[PDB]
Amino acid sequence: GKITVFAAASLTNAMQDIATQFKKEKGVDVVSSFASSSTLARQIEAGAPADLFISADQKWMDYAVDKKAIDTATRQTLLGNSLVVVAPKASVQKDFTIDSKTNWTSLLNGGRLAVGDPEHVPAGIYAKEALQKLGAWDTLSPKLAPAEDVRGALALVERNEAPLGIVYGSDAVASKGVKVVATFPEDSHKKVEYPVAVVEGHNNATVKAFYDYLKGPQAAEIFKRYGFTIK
């Protein structure tokens, strides 16, 4: 011990497994906190004891940097992802295509579309950008079930509280209880990218060892298993 990592909710499973393997191999305890990248960046700005931050978008890393909270010499883009629509496996929902013709109203059946809160959650921000580009936003905005992070959105679908949800490709890979039923075209939104950086003043030898591990082959194997792409 002891390293404290703040990581985007979509990284929950990968980062837990990486922490477990790092403990086994290096004997260092890694304690992780998972929430929306917005929530995490704001906590770091306000003074949280995080050593490392991984965001699900460039936006919230840029925010933390602008607040002079990050060791910028350590910043780099670590992972990529896709944006998808999921439905429960028990659902009868057939696979559909996402484009400007998509009939969201018909697909929703009077139900709501689970999303990360588009006011701040990266998954919601990516979703809103895509839906605006596709001309679907005004139709969908009153039909949303916003959640506090992308895993809250995933949970609404897992729990059948919303028939469809917008989450990351990796979220479907991690979930026994939902399946991808549509994938957003990559040209419909900003590339989903995960920057990592050490928090300003926290780059000691132990933190550096874990940072390096995140860029190594053991971690890469785990990230790929969970549906992330390696930058």
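Numbers for residues come from their place in the sequence shown, where the first is 1.
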- line: For 120-128 versus 133-141, entry-based mean Cα B-factors point to 133-141
query: Quick one: higher average CA temperature factor, 40-48 or 163-171?
result: 40-48
task: Kindly indicate the residue among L108, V85, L79, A155 with the greatest C-alpha B-factor in the PDB record.
output: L108
task: State the tercile, meaning the lowest, middle or highest third, of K59 with respect to the CA B-factors recorded for its chain.
output: lowest
statement: By the entry's values, the third containing the CA B factor of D95 is the highest
task: Divide the modelled residues of the chain into thirds by Cα B-factor and specify which third, lowest, middle or highest, holds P195.
output: lowest
- prompt: In terms of the CA temperature factor given in the entry, to which third of its chain does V31 belong: lowest, middle or highest?
  reply: highest
message: Based on the deposited C-alpha B factors for this chain, I'd like to know if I3 is in the lowest, middle or highest third.
response: highest
